[PDB]
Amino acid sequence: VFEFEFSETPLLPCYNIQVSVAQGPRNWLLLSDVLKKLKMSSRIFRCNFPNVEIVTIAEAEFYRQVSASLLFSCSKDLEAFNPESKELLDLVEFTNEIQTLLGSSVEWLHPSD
């Protein structure tokens, strides 16, 4: 089964990042990207989605995992980040709920029509 997200609004970049060895790599959005699109406070977001995972990660570590990916081979898709930075970034786990909140529709393609 294949899952497709459709939106008439450009999509936020999706980052594939391992936060725990036990979990392996997972998909995330940068929380600041989410908050900017909605013009929503961190506070209101966390209150409305108390069970969506948010984790903090070193920008340096973030940069290494993202640049490793062939899909981030364009300098423009990385220029907002600094490879040596010790700042922490917040990642929000990339769920259907978030996709929906941000205005998209999620469709499922099955073997038949």
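So that there is no doubt, residue numbering starts at 1 and follows the sequence shown.
54 to 62 and 79 to 87 differ in mean CA B-factor, and the higher of the two is recorded for 79 to 87.
When the C-alpha B-factors of 37 to 45 and 70 to 78 are averaged, 70 to 78 comes out higher. When the modelled residues of the chain are ordered by C-alpha B-factor, residue 24 sits in the highest third. The deposited CA B-factor of residue 8 belongs to the middle third of values across its chain. The deposited CA B-factor of residue 95 belongs to the highest third of values across its chain.
In the PDB entry, residue 104 places in the lowest third of its chain by CA B-factor.
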